[PDB]
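Chains as they are written, first to last, in the entry's author numbering: chain A, 132 to 278; chain B, 132 to 278; chain B', 132 to 278; chain A', 132 to 278. A prime marks a further copy of an entry chain.
Here a beta-carbon is modelled for each residue, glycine too, at the ideal position from N, C-alpha and C.
There are 4 protein chains.
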Amino acid sequence: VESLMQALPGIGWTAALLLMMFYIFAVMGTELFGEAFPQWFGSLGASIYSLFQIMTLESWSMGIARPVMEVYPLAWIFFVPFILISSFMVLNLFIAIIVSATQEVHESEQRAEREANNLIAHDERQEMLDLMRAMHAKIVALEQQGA
Amino acid sequence: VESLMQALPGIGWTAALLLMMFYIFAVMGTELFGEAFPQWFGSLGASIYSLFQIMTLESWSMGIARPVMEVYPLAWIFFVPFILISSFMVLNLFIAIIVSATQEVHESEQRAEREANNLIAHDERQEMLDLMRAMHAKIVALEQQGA
Amino acid sequence: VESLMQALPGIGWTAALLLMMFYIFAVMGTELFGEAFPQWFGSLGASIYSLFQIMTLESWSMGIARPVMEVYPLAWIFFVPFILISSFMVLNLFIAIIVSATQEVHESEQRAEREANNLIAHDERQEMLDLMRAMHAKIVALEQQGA
Amino acid sequence: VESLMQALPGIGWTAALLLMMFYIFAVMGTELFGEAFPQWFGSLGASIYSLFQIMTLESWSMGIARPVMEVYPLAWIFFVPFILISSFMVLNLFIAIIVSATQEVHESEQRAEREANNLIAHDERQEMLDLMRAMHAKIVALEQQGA
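And the structure:
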């Protein structure tokens with residue numbers, strides 16, 4: 132549809148800021164956590180991939196977030212904002228698609244309602260004219276009866 | 132409501148660029164201030180948390196911003212843009228919610244006006260038809276009197 | 132036109148996040164690839180220019196992306212998101228211009244419809260008045276015949 | 132006005148990405164230019180302030196951009212995108228304010244035009260009723276003349 136196309140620039144804005152959310156937390160994770168957890172945060176590539184695993188729910192079983200929380204108790208100030216902001220972006224990707232569809236339906240229902248009323252207005256006036264003409268004929272008839 | 136749903140992608144754009152503002156000023160604060168103030172800016176994690184305290188009005192009493200200003204007189208070129216842009220983003224988070232509500236009310240009031248007028252238009256024309264029919268009948272009555 | 136003016140702030144948002152996409156992948160490319168490929172990723176300036184060549188379809192013949200893929204088999208986790216997100220932004224630059232034009236046309240057509248109906252409504256009622264007045268006159272004529 | 136408030140979240144988006152435009156070119160400028168031009172790009176703080184001078188037109192007389200162009204001939208690939216993208220952001224700050232005002236005027240003119248037509252529609256039908264009633268009275272008068 133050419134109303135989904137309407138919503139694509141905003142989708143890229145969300146998708147763009149989503150990958151930027153990974154990079155800023157990937158750098159952050161490397162400094163905070165890389166020395167104690169080289170396998171998970173020892174580098175930017177290692178951090179970006181550890182963050183990816185957390186978001187794709189391959190971290191319930193081998194839950195990277197939790198052993199880091201053990202060694203560093205305040206580590207939730209890192210993880211909780213990450214999981215929240217990156218879930219909220221993924222949410223907005225679907226919302227933008229949902230809103231695009233429901234907006235197109237809503238606009239279509241409103242043209243339906245205007246021409247629905249514009250039809251009723253047409254028909255009510257047209258049937259008044261029809262009643263006018265028959266009535267004006269009767270007047271002219273009664274007028275010839277006087278002549 | 133499913134009109135607050137409509138404003139969420141823009142909320143995330145503001146929320147995303149807000150955390151972006153911390154990271155860019157956290158890096159800048161580390162470079163400018165980390166050597167003279169290692170407890171406050173000696174690292175990216177230290178800088179990000181010093182900036183957080185400033186925005187959460189903790190530094191109303193120990194005031195991190197001001198002793199840095201004292202050693203570095205130009206330091207307001209760092210702090211003033213930070214406090215302004217970060218506050219303006221937090222402001223836009225609430226504005227986006229306020230505008231979402233007031234726009235839903237405004238759209239309701241407009242449908243209320245449009246069927247208010249469409250009702251008056253219907254009633255005024257229906258009343259004319261009623262007047263028509265009683266008149267037409269009287270014409271036909273007087274026409275019978277001539278026959 | 133002063134409706135393309137309306138779409139410019141969103142154009143800059145796309146253009147801004149596009150150059151953002153280069154920088155974040157330029158840093159990531161340097162870390163991942165700079166040691167094995169110093170001519171292509173040994174620095175941030177080298178990485179930003181290698182990414183530029185890939186997007187401008189220069190690497191259709193010397194194909195920087197592919198020998199990196201050969202040494203690093205996982206390298207598509209870097210290249211594929213890059214080519215997708217950067218192309219999707221460039222796409223949204225043209226969409227924003229297309230949507231701006233088609234929306235100005237759509238709004239024109241709607242004013243054209245609304246005065247099209249407002250004209251028909253005026254003419255149908257004015258024609259009824261004209262019918263009224265000629266009728267009223269004939270009533271008064273026949274009323275004089277009775278006097 | 133509470134329609135300027137409507138436009139503020141988009142203003143922050145432009146203002147946000149503007150400061151991000153400085154930081155990414157400030158890092159870029161430091162690596163490309165810092166070794167040969169330590170006074171202008173030797174650090175991130177030095178680069179961010181050299182970029183500021185260029186944009187605030189304190190670089191015609193002491194034109195930092197030009198001696199760098201001399202030593203590095205391809206340096207316009209850095210400066211030209213910088214000056215363009217950061218001018219285009221500042222432009223969009225004023226456009227967002229202009230569009231906010233002209234939109235409020237345009238919406239106000241359209242309510243003026245609807246109640247202008249809704250008044251004409253009211254008055255034309257009301258004067259038809261007035262002509263109805265006088266006419267129906269004449270019919271009843273001529274009907275009593277027959278009785």
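Three-state secondary structure assigned by DSSP to residue i
i	result
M193 of chain A	coil
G176 of chain A'	helix
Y203 of chain B'	coil
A278 of chain A'	coil
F168 of chain B	coil
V271 of chain A	helix
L135 of chain B	helix
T187 of chain A'	coil
Buried/exposed call for residue i, threshold 16 Cβ in 10 Å
i	result
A177 of chain A	buried
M193 of chain A	exposed
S134 of chain B'	exposed
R256 of chain A'	buried
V132 of chain A	exposed
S218 of chain A	exposed
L215 of chain A'	exposed
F225 of chain B	exposed
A252 of chain A'	buried
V230 of chain A	buried
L149 of chain A	buried
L188 of chain A'	exposed
Cutoff 8 Å: residue i Cβ touching any chain A' Cβ
i	result
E274 of chain B'	yes
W191 of chain B	no
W144 of chain B	yes
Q170 of chain B'	no
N248 of chain B	yes
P198 of chain B'	no
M220 of chain B	yes
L135 of chain B	no
Nonlocal neighbours in the same chain, by C-beta distance under 7 Å from residue i, ignoring five residues either side
i	result
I195 of chain A'	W171, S181, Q184 and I185
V199 of chain A	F164, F168 and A206
Any C-beta of chain B under 8 Å from that of residue i
i	result
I195 of chain A'	no
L182 of chain A'	no
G141 of chain A	yes
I179 of chain A	no
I216 of chain A	yes
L224 of chain A'	no
Residue-level contact to chain B' via CB, residue i, 8 Å cutoff
i	result
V236 of chain A'	no
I270 of chain A	yes
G277 of chain A	yes
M186 of chain A	no
Beta carbon proximity, residue i to chain A, threshold 8 Å
i	result
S174 of chain B	yes
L163 of chain B'	yes
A252 of chain B	yes
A227 of chain B'	yes
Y154 of chain B	yes
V230 of chain B'	yes
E255 of chain B'	yes
Nearest-angstrom beta carbon gap, residue j and residue i [assumed within contact, 8 Å]
i	j	result
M151 of chain A'	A147 of chain B'	7 Å
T145 of chain B'	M220 of chain B'	5 Å
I270 of chain A	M266 of chain B'	6 Å
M159 of chain B	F209 of chain B	7 Å
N248 of chain B'	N249 of chain A	6 Å
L273 of chain A'	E274 of chain B'	5 Å
Cβ neighbours of residue i in the same chain (closer than 6 Å, five flanking residues each side left out)
i	result
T161 of chain B	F172, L175 and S178
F213 of chain A	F156
Contacts around residue i, its chain only, beta-carbon distance under 8 Å, and the 5 residues preceding and following it disregarded
i	result
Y203 of chain A'	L163, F164 and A167
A227 of chain B	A138, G141, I142 and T145
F153 of chain A'	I179, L182, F183 and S217
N223 of chain B'	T145
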